[PDB]
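Novice: File follows, protein_13.pdb with PDB, C-alpha atoms:
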```pdb
ATOM      1  CA  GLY H   1       2.959  21.328  -5.517
ATOM      2  CA  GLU H   2       5.061  18.677  -7.271
ATOM      3  CA  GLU H   3       8.021  19.123  -4.918
ATOM      4  CA  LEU H   4       5.996  17.953  -1.927
ATOM      5  CA  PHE H   5       5.703  14.452  -3.466
ATOM      6  CA  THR H   6       9.267  13.737  -4.752
ATOM      7  CA  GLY H   7       9.909  11.339  -1.872
ATOM      8  CA  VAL H   8       7.984   9.049   0.503
ATOM      9  CA  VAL H   9       5.211  10.968   2.366
ATOM     10  CA  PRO H  10       3.403   9.691   5.500
ATOM     11  CA  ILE H  11      -0.376   9.434   5.075
ATOM     12  CA  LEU H  12      -3.157   9.715   7.649
ATOM     13  CA  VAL H  13      -6.759   8.813   6.810
ATOM     14  CA  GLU H  14      -9.662   9.603   9.149
ATOM     15  CA  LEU H  15     -13.206   8.578   8.203
ATOM     16  CA  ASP H  16     -16.336   9.236  10.259
ATOM     17  CA  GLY H  17     -19.139   7.106   8.865
ATOM     18  CA  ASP H  18     -22.915   6.845   9.225
ATOM     19  CA  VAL H  19     -24.793   4.295   7.074
ATOM     20  CA  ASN H  20     -28.508   3.890   7.857
ATOM     21  CA  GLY H  21     -27.582   5.226  11.311
ATOM     22  CA  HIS H  22     -24.851   2.633  11.905
ATOM     23  CA  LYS H  23     -22.108   4.946  13.189
ATOM     24  CA  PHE H  24     -18.488   3.973  12.628
ATOM     25  CA  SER H  25     -14.984   5.413  12.319
ATOM     26  CA  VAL H  26     -11.933   4.268  10.337
ATOM     27  CA  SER H  27      -8.313   5.318  10.893
ATOM     28  CA  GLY H  28      -5.625   4.736   8.294
ATOM     29  CA  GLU H  29      -1.845   5.051   8.340
ATOM     30  CA  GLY H  30       0.758   4.450   5.674
ATOM     31  CA  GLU H  31       2.936   6.165   3.133
ATOM     32  CA  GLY H  32       2.742   7.248  -0.489
ATOM     33  CA  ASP H  33       5.426   7.483  -3.044
ATOM     34  CA  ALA H  34       4.057   9.401  -6.074
ATOM     35  CA  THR H  35       7.286   8.765  -7.980
ATOM     36  CA  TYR H  36       6.027   5.181  -8.429
ATOM     37  CA  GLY H  37       2.297   5.976  -8.185
ATOM     38  CA  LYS H  38       2.386   3.779  -5.095
ATOM     39  CA  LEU H  39       0.724   3.847  -1.710
ATOM     40  CA  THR H  40       0.552   1.407   1.188
ATOM     41  CA  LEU H  41      -2.092   1.872   3.870
ATOM     42  CA  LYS H  42      -3.404  -0.045   6.871
ATOM     43  CA  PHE H  43      -6.962   0.868   7.906
ATOM     44  CA  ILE H  44      -8.583   0.072  11.269
ATOM     45  CA  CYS H  45     -12.265   0.294  12.125
ATOM     46  CA  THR H  46     -11.875   1.985  15.491
ATOM     47  CA  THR H  47     -15.511   1.428  16.532
ATOM     48  CA  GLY H  48     -15.486  -2.375  16.264
ATOM     49  CA  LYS H  49     -16.772  -4.254  13.225
ATOM     50  CA  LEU H  50     -17.083  -2.259  10.014
ATOM     51  CA  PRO H  51     -20.827  -2.213   9.198
ATOM     52  CA  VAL H  52     -20.145  -2.250   5.414
ATOM     53  CA  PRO H  53     -17.669  -4.286   3.334
ATOM     54  CA  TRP H  54     -14.110  -2.980   3.251
ATOM     55  CA  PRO H  55     -13.955  -3.053  -0.605
ATOM     56  CA  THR H  56     -16.856  -0.585  -0.776
ATOM     57  CA  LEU H  57     -14.663   1.967   1.025
ATOM     58  CA  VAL H  58     -11.518   1.690  -1.127
ATOM     59  CA  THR H  59     -12.278   4.639  -3.410
ATOM     60  CA  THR H  60     -13.341   6.768  -0.423
ATOM     61  CA  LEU H  61     -10.380   5.998   1.852
ATOM     62  CA  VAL H  62      -5.543  10.184  -2.205
ATOM     63  CA  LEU H  63      -5.036  10.625  -5.938
ATOM     64  CA  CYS H  64      -2.279  13.169  -5.358
ATOM     65  CA  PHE H  65      -0.081  10.047  -5.094
ATOM     66  CA  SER H  66      -0.775   9.111  -8.716
ATOM     67  CA  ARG H  67       2.279   8.954 -10.971
ATOM     68  CA  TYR H  68       1.896  11.629 -13.634
ATOM     69  CA  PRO H  69       4.495  11.011 -16.385
ATOM     70  CA  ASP H  70       6.571  13.931 -17.604
ATOM     71  CA  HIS H  71       4.300  14.727 -20.553
ATOM     72  CA  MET H  72       1.279  14.693 -18.189
ATOM     73  CA  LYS H  73       2.493  16.860 -15.288
ATOM     74  CA  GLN H  74       0.545  19.856 -16.584
ATOM     75  CA  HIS H  75      -2.637  17.823 -15.943
ATOM     76  CA  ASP H  76      -1.899  17.048 -12.258
ATOM     77  CA  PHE H  77      -4.690  18.932 -10.510
ATOM     78  CA  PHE H  78      -4.224  16.842  -7.376
ATOM     79  CA  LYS H  79      -0.648  17.857  -6.581
ATOM     80  CA  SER H  80      -1.075  21.435  -7.820
ATOM     81  CA  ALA H  81      -3.617  22.130  -5.046
ATOM     82  CA  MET H  82      -1.108  21.184  -2.296
ATOM     83  CA  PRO H  83      -0.340  21.964   0.430
ATOM     84  CA  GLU H  84      -3.647  23.801   0.959
ATOM     85  CA  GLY H  85      -5.404  20.837  -0.608
ATOM     86  CA  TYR H  86      -8.617  19.986  -2.381
ATOM     87  CA  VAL H  87     -12.097  18.793  -1.533
ATOM     88  CA  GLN H  88     -13.173  15.445  -2.991
ATOM     89  CA  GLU H  89     -16.908  14.758  -2.976
ATOM     90  CA  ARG H  90     -18.633  11.652  -4.259
ATOM     91  CA  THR H  91     -21.972  10.000  -4.540
ATOM     92  CA  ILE H  92     -21.647   6.220  -4.804
ATOM     93  CA  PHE H  93     -24.818   4.497  -6.071
ATOM     94  CA  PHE H  94     -25.052   0.806  -5.172
ATOM     95  CA  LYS H  95     -27.319  -0.841  -7.738
ATOM     96  CA  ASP H  96     -30.572  -2.049  -6.124
ATOM     97  CA  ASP H  97     -29.280  -0.862  -2.744
ATOM     98  CA  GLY H  98     -28.386   2.353  -0.934
ATOM     99  CA  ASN H  99     -25.917   5.092  -1.694
ATOM    100  CA  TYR H 100     -22.958   6.763  -0.028
ATOM    101  CA  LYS H 101     -22.417  10.510  -0.031
ATOM    102  CA  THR H 102     -18.829  11.394   0.866
ATOM    103  CA  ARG H 103     -16.995  14.681   1.417
ATOM    104  CA  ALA H 104     -13.260  14.678   2.077
ATOM    105  CA  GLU H 105     -10.476  17.197   2.518
ATOM    106  CA  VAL H 106      -7.053  16.105   1.238
ATOM    107  CA  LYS H 107      -4.319  18.424   2.477
ATOM    108  CA  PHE H 108      -0.998  18.570   4.249
ATOM    109  CA  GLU H 109      -0.950  18.942   8.022
ATOM    110  CA  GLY H 110       2.734  19.524   8.583
ATOM    111  CA  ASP H 111       4.643  16.832   6.739
ATOM    112  CA  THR H 112       1.633  14.472   6.722
ATOM    113  CA  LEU H 113      -0.779  14.124   3.816
ATOM    114  CA  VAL H 114      -4.202  13.871   5.469
ATOM    115  CA  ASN H 115      -7.463  12.558   4.009
ATOM    116  CA  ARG H 116     -10.318  13.490   6.373
ATOM    117  CA  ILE H 117     -13.674  12.078   5.276
ATOM    118  CA  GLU H 118     -17.332  12.406   6.206
ATOM    119  CA  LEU H 119     -19.522   9.585   4.842
ATOM    120  CA  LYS H 120     -23.332   9.331   4.971
ATOM    121  CA  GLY H 121     -25.216   6.284   3.668
ATOM    122  CA  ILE H 122     -28.976   6.141   3.101
ATOM    123  CA  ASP H 123     -31.572   3.679   1.776
ATOM    124  CA  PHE H 124     -29.487   0.530   2.279
ATOM    125  CA  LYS H 125     -31.035  -2.888   2.851
ATOM    126  CA  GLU H 126     -30.180  -4.048   6.368
ATOM    127  CA  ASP H 127     -29.866  -7.627   5.063
ATOM    128  CA  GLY H 128     -28.653  -6.811   1.533
ATOM    129  CA  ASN H 129     -25.245  -7.449  -0.005
ATOM    130  CA  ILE H 130     -23.670  -4.366   1.664
ATOM    131  CA  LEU H 131     -24.959  -4.391   5.254
ATOM    132  CA  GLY H 132     -25.056  -8.220   5.112
ATOM    133  CA  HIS H 133     -21.351  -8.448   4.175
ATOM    134  CA  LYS H 134     -21.793 -10.561   1.056
ATOM    135  CA  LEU H 135     -18.995  -8.997  -1.039
ATOM    136  CA  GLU H 136     -15.652 -10.677  -1.649
ATOM    137  CA  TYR H 137     -12.562  -9.097  -0.103
ATOM    138  CA  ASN H 138     -10.870  -8.132  -3.365
ATOM    139  CA  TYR H 139     -10.713  -5.410  -5.997
ATOM    140  CA  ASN H 140     -10.551  -5.176  -9.789
ATOM    141  CA  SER H 141      -8.117  -3.001 -11.706
ATOM    142  CA  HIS H 142      -9.805   0.034 -13.191
ATOM    143  CA  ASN H 143      -9.356   2.957 -15.584
ATOM    144  CA  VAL H 144     -11.024   6.326 -14.939
ATOM    145  CA  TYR H 145     -11.655   9.355 -17.137
ATOM    146  CA  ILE H 146     -10.732  12.504 -15.231
ATOM    147  CA  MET H 147     -12.553  15.444 -16.796
ATOM    148  CA  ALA H 148     -12.021  19.156 -16.320
ATOM    149  CA  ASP H 149     -14.666  21.105 -14.379
ATOM    150  CA  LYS H 150     -13.907  24.692 -15.383
ATOM    151  CA  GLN H 151     -17.114  25.935 -13.730
ATOM    152  CA  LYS H 152     -15.716  24.835 -10.345
ATOM    153  CA  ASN H 153     -11.999  25.331 -11.099
ATOM    154  CA  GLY H 154     -11.667  21.593 -10.575
ATOM    155  CA  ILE H 155     -12.298  18.160 -12.011
ATOM    156  CA  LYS H 156     -15.136  15.656 -12.174
ATOM    157  CA  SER H 157     -15.543  12.011 -13.094
ATOM    158  CA  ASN H 158     -18.134   9.271 -13.603
ATOM    159  CA  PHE H 159     -17.007   5.670 -13.315
ATOM    160  CA  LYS H 160     -18.163   2.184 -12.408
ATOM    161  CA  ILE H 161     -16.712  -0.083  -9.738
ATOM    162  CA  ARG H 162     -17.762  -3.741  -9.899
ATOM    163  CA  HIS H 163     -17.689  -5.570  -6.550
ATOM    164  CA  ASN H 164     -17.767  -9.381  -6.487
ATOM    165  CA  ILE H 165     -20.766 -10.820  -4.619
ATOM    166  CA  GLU H 166     -20.195 -14.140  -2.866
ATOM    167  CA  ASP H 167     -22.828 -15.771  -5.129
ATOM    168  CA  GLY H 168     -20.694 -15.152  -8.231
ATOM    169  CA  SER H 169     -22.578 -12.087  -9.506
ATOM    170  CA  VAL H 170     -21.490  -8.418  -9.543
ATOM    171  CA  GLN H 171     -22.562  -5.592  -7.220
ATOM    172  CA  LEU H 172     -22.342  -2.359  -9.223
ATOM    173  CA  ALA H 173     -21.129   0.834  -7.506
ATOM    174  CA  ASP H 174     -21.697   3.843  -9.770
ATOM    175  CA  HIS H 175     -19.324   6.641  -8.756
ATOM    176  CA  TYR H 176     -19.783  10.342  -9.383
ATOM    177  CA  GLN H 177     -16.906  12.521  -8.218
ATOM    178  CA  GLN H 178     -16.036  16.211  -8.107
ATOM    179  CA  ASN H 179     -12.916  17.927  -6.789
ATOM    180  CA  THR H 180     -12.386  21.593  -5.942
ATOM    181  CA  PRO H 181      -9.409  23.438  -4.437
ATOM    182  CA  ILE H 182      -9.503  24.343  -0.736
ATOM    183  CA  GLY H 183      -9.223  28.166  -0.524
ATOM    184  CA  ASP H 184     -10.255  28.996  -4.137
ATOM    185  CA  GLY H 185      -6.944  27.889  -5.836
ATOM    186  CA  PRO H 186      -4.694  28.282  -7.677
ATOM    187  CA  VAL H 187      -4.666  24.881  -9.474
ATOM    188  CA  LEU H 188      -3.725  23.345 -12.794
ATOM    189  CA  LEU H 189      -6.968  22.766 -14.708
ATOM    190  CA  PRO H 190      -6.271  19.565 -16.686
ATOM    191  CA  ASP H 191      -7.503  18.337 -19.997
ATOM    192  CA  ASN H 192      -9.470  15.097 -19.913
ATOM    193  CA  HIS H 193      -7.244  12.085 -19.253
ATOM    194  CA  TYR H 194      -7.171   8.605 -17.782
ATOM    195  CA  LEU H 195      -5.859   7.257 -14.494
ATOM    196  CA  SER H 196      -5.002   3.526 -14.445
ATOM    197  CA  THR H 197      -5.493   1.917 -11.048
ATOM    198  CA  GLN H 198      -4.874  -1.406  -9.388
ATOM    199  CA  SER H 199      -5.536  -2.313  -5.772
ATOM    200  CA  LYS H 200      -4.525  -5.338  -3.677
ATOM    201  CA  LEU H 201      -6.408  -6.009  -0.429
ATOM    202  CA  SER H 202      -4.787  -8.114   2.274
ATOM    203  CA  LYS H 203      -4.835  -8.752   6.003
ATOM    204  CA  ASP H 204      -2.261  -8.630   8.775
ATOM    205  CA  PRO H 205      -2.490 -12.121  10.320
ATOM    206  CA  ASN H 206      -1.415 -10.789  13.738
ATOM    207  CA  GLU H 207      -3.959  -7.937  13.723
ATOM    208  CA  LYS H 208      -7.080  -8.889  15.700
ATOM    209  CA  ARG H 209      -9.141  -5.767  14.980
ATOM    210  CA  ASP H 210     -11.287  -5.394  11.862
ATOM    211  CA  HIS H 211      -8.876  -3.928   9.331
ATOM    212  CA  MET H 212      -7.762  -3.662   5.712
ATOM    213  CA  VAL H 213      -4.248  -3.550   4.299
ATOM    214  CA  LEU H 214      -4.267  -1.774   0.945
ATOM    215  CA  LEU H 215      -1.605  -1.612  -1.761
ATOM    216  CA  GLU H 216      -2.610   0.679  -4.605
ATOM    217  CA  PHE H 217      -0.879   1.794  -7.812
ATOM    218  CA  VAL H 218      -2.271   4.703  -9.836
ATOM    219  CA  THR H 219      -0.709   6.043 -13.047
ATOM    220  CA  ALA H 220      -1.888   8.751 -15.418
ATOM    221  CA  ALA H 221      -2.115   6.502 -18.482
ATOM    222  CA  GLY H 222      -2.381   9.369 -20.953
ATOM    223  CA  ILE H 223      -4.970  11.416 -22.784
ATOM    224  CA  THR H 224      -6.400   8.311 -24.458
TER     225      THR H 224
END
```
Output the file's structure as structure tokens, nothing else.

Specialist:
Amino acid sequence: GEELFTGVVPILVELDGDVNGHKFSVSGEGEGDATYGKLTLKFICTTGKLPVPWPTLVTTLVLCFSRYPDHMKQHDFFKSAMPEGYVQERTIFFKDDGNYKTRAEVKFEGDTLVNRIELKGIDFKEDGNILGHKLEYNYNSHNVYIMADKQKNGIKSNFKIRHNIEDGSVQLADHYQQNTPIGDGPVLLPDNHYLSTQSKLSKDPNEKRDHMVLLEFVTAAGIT
């Protein structure tokens, strides 16, 4: 698995979304360079205006591009599953609002690393902070505890993302995540460890469609 990520790899993201029955689709293109834990992606809402805030989709829209240092490579579940790939499923609970359920397949199609997502959202407030677009277009750096899931030959994680509301308060997004190999393995089952993430959101001034430019760095920080 590791050999597939030694250089720069093209990325394709395809998301089909349905929140409270608002149907939408997002297409993403870019490249990842796991040597530096680095990825650059431009996302387009291909159905018009995104019905939810772009920052709420950052975690949903490829942790195989994380930099695992030498002493951590035995804990790299994400690359070990390649090229066949892994399934990444989440529930995202928005405090005092609705929740997303996502299921994604991350795998190689030829030389391209693909992330194909299905997203369903339920119980959102049509005029709340999410469907009302009241979140700031930014993102906080974050650390996540990746835990082994030996029952599923995979990994699992529980973490909190804090979105900035335009009124100066925080919109909490509780994440639960599980990952399993496509095709029943084999994979490296890791010991519990941390990934350190930072994400910069920007916009292409010449791009007239609703879009997000994302620069993301993820590093396996260590066991502790």

Novice: Name every residue that the PyMOL selection byres ((chain H and resi 162) around 10) selects in this structure, writing the answer as JSON, numbers by chain with chains first and numbers rising.

Specialist: {"H": [56, 94, 139, 140, 141, 142, 160, 161, 163, 164, 165, 169, 170, 171, 172, 173, 174]}

Novice: Can you pull out every residue within 8 Å of residue H:7, counting only C-alpha atoms, but drop anything in the same chain fewer than 5 positions away, and send it as a PyMOL selection string?

Specialist: chain H and resi 33-35

Novice: Within 8 Å of stretch 185-194 of chain H, which residues of stretch 70-157 of chain H show up? Give each one with its shortest atom-to-atom distance in Å (one decimal) and the two atoms involved, counting all atoms listed in the file, rows by chain then rising residue number, as CSV.

Specialist:
```
residue,atom,partner,partner_atom,distance
H:74,CA,H:188,CA,6.7
H:75,CA,H:190,CA,4.1
H:76,CA,H:188,CA,6.6
H:77,CA,H:188,CA,5.1
H:80,CA,H:187,CA,5.2
H:81,CA,H:187,CA,5.3
H:143,CA,H:194,CA,6.4
H:144,CA,H:194,CA,5.3
H:145,CA,H:194,CA,4.6
H:146,CA,H:193,CA,5.3
H:147,CA,H:192,CA,4.4
H:148,CA,H:190,CA,5.8
H:149,CA,H:189,CA,7.9
H:150,CA,H:189,CA,7.2
H:153,CA,H:189,CA,6.7
H:154,CA,H:189,CA,6.4
H:155,CA,H:189,CA,7.5
```

Novice: Give me the residues within 12 Å of residue H:132 as a ChimeraX atom specification, counting only C-alpha atoms and dropping any in the same chain fewer than 3 places off.

Specialist: /H:50-53,97,124-129,135-136,165-166

Novice: Export, as a PDB file, keeping the file's coordinate frame, the selected residues with C-alpha atoms.

Specialist:
```
ATOM      1  CA  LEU H  50     -17.083  -2.259  10.014  1.00  0.00           C
ATOM      2  CA  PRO H  51     -20.827  -2.213   9.198  1.00  0.00           C
ATOM      3  CA  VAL H  52     -20.145  -2.250   5.414  1.00  0.00           C
ATOM      4  CA  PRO H  53     -17.669  -4.286   3.334  1.00  0.00           C
ATOM      5  CA  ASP H  97     -29.280  -0.862  -2.744  1.00  0.00           C
ATOM      6  CA  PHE H 124     -29.487   0.530   2.279  1.00  0.00           C
ATOM      7  CA  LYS H 125     -31.035  -2.888   2.851  1.00  0.00           C
ATOM      8  CA  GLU H 126     -30.180  -4.048   6.368  1.00  0.00           C
ATOM      9  CA  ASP H 127     -29.866  -7.627   5.063  1.00  0.00           C
ATOM     10  CA  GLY H 128     -28.653  -6.811   1.533  1.00  0.00           C
ATOM     11  CA  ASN H 129     -25.245  -7.449  -0.005  1.00  0.00           C
ATOM     12  CA  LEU H 135     -18.995  -8.997  -1.039  1.00  0.00           C
ATOM     13  CA  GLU H 136     -15.652 -10.677  -1.649  1.00  0.00           C
ATOM     14  CA  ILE H 165     -20.766 -10.820  -4.619  1.00  0.00           C
ATOM     15  CA  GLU H 166     -20.195 -14.140  -2.866  1.00  0.00           C
TER      16      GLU H 166
END
```

Novice: How many Å lie between atom CA of residue H:83 and atom CA of residue H:71, rounded to one decimal?

Specialist: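 Atom CA of residue H:71 lies 22.7 Å from atom CA of residue H:83.
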
Novice: Just the residues within 8 Å of residue H:211, please, counting all atoms listed in the file, with nothing from its chain fewer than 6 positions along; format it as a PDB file with C-alpha atoms, keeping the file's coordinate frame.

Specialist:
```pdb
ATOM      1  CA  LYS H  42      -3.404  -0.045   6.871  1.00  0.00           C
ATOM      2  CA  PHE H  43      -6.962   0.868   7.906  1.00  0.00           C
ATOM      3  CA  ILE H  44      -8.583   0.072  11.269  1.00  0.00           C
ATOM      4  CA  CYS H  45     -12.265   0.294  12.125  1.00  0.00           C
ATOM      5  CA  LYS H 203      -4.835  -8.752   6.003  1.00  0.00           C
TER       6      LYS H 203
END
```

Novice: Give me, as an NGL selection string, all polymer residues having an atom no more than 10 Å from residue H:105, counting all atoms listed in the file and skipping those fewer than 2 positions away in the same chain.

Specialist: :H and (62 or 84-89 or 103 or 107-108 or 114-118 or 179-182)

Novice: Report the distance between atom CA of residue H:175 and atom CA of residue H:1 in Å, rounded to one decimal place.

Specialist: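 That distance, rounded to one decimal, is 26.9 Å.
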
Novice: Which residue, H:101, H:91, H:121, H:204, has the smallest gap to residue H:159 when you use only C-alpha atoms?

Specialist: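 With only C-alpha atoms as the atom set, the closest residue is H:91.
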
Novice: Work out how far apart atom CA of residue H:24 and atom CA of residue H:49 are and give it in Å to one decimal.

Specialist: 8.4 Å

Novice: Could you write out as number ranges by chain the residues that the PyMOL selection byres ((chain H and resi 37) around 6) matches in the shown file?

Specialist: H: 34-36, 38, 65-67, 217-219

Novice: If we draw a sphere of 10 Å around (-9.8, 3.3, 14.7), which residues have at least one atom in it when counting only C-alpha atoms? Please report them as a PyMOL selection string.

Specialist: chain H and resi 14-16+24-28+43-48+209-211

Novice: Quick one: stretch 79-91 of chain H with N, CA and C atoms, as a PDB file, in the frame of the given file?

Specialist:
```pdb
ATOM      1  N   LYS H  79      -1.832  17.310  -7.236  1.00  0.00           N
ATOM      2  CA  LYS H  79      -0.648  17.857  -6.581  1.00  0.00           C
ATOM      3  C   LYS H  79      -0.626  19.376  -6.621  1.00  0.00           C
ATOM      4  N   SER H  80      -1.164  19.985  -7.685  1.00  0.00           N
ATOM      5  CA  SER H  80      -1.075  21.435  -7.820  1.00  0.00           C
ATOM      6  C   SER H  80      -1.831  22.162  -6.712  1.00  0.00           C
ATOM      7  N   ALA H  81      -2.824  21.515  -6.101  1.00  0.00           N
ATOM      8  CA  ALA H  81      -3.617  22.130  -5.046  1.00  0.00           C
ATOM      9  C   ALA H  81      -2.917  22.136  -3.691  1.00  0.00           C
ATOM     10  N   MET H  82      -1.848  21.365  -3.532  1.00  0.00           N
ATOM     11  CA  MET H  82      -1.108  21.184  -2.296  1.00  0.00           C
ATOM     12  C   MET H  82      -0.185  22.379  -2.045  1.00  0.00           C
ATOM     13  N   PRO H  83       0.111  22.692  -0.766  1.00  0.00           N
ATOM     14  CA  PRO H  83      -0.340  21.964   0.430  1.00  0.00           C
ATOM     15  C   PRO H  83      -1.739  22.309   0.935  1.00  0.00           C
ATOM     16  N   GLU H  84      -2.351  23.388   0.431  1.00  0.00           N
ATOM     17  CA  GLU H  84      -3.647  23.801   0.959  1.00  0.00           C
ATOM     18  C   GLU H  84      -4.684  22.711   0.748  1.00  0.00           C
ATOM     19  N   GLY H  85      -4.627  22.040  -0.391  1.00  0.00           N
ATOM     20  CA  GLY H  85      -5.404  20.837  -0.608  1.00  0.00           C
ATOM     21  C   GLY H  85      -6.615  21.046  -1.490  1.00  0.00           C
ATOM     22  N   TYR H  86      -7.412  19.984  -1.569  1.00  0.00           N
ATOM     23  CA  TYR H  86      -8.617  19.986  -2.381  1.00  0.00           C
ATOM     24  C   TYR H  86      -9.714  19.226  -1.650  1.00  0.00           C
ATOM     25  N   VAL H  87     -10.937  19.530  -2.013  1.00  0.00           N
ATOM     26  CA  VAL H  87     -12.097  18.793  -1.533  1.00  0.00           C
ATOM     27  C   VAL H  87     -12.432  17.738  -2.574  1.00  0.00           C
ATOM     28  N   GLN H  88     -12.740  16.528  -2.119  1.00  0.00           N
ATOM     29  CA  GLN H  88     -13.173  15.445  -2.991  1.00  0.00           C
ATOM     30  C   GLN H  88     -14.526  14.972  -2.496  1.00  0.00           C
ATOM     31  N   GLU H  89     -15.548  15.132  -3.326  1.00  0.00           N
ATOM     32  CA  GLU H  89     -16.908  14.758  -2.976  1.00  0.00           C
ATOM     33  C   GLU H  89     -17.392  13.684  -3.936  1.00  0.00           C
ATOM     34  N   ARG H  90     -18.101  12.698  -3.407  1.00  0.00           N
ATOM     35  CA  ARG H  90     -18.633  11.652  -4.259  1.00  0.00           C
ATOM     36  C   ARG H  90     -20.056  11.326  -3.842  1.00  0.00           C
ATOM     37  N   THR H  91     -20.829  10.854  -4.810  1.00  0.00           N
ATOM     38  CA  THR H  91     -21.972  10.000  -4.540  1.00  0.00           C
ATOM     39  C   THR H  91     -21.651   8.638  -5.141  1.00  0.00           C
TER      40      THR H  91
END
```
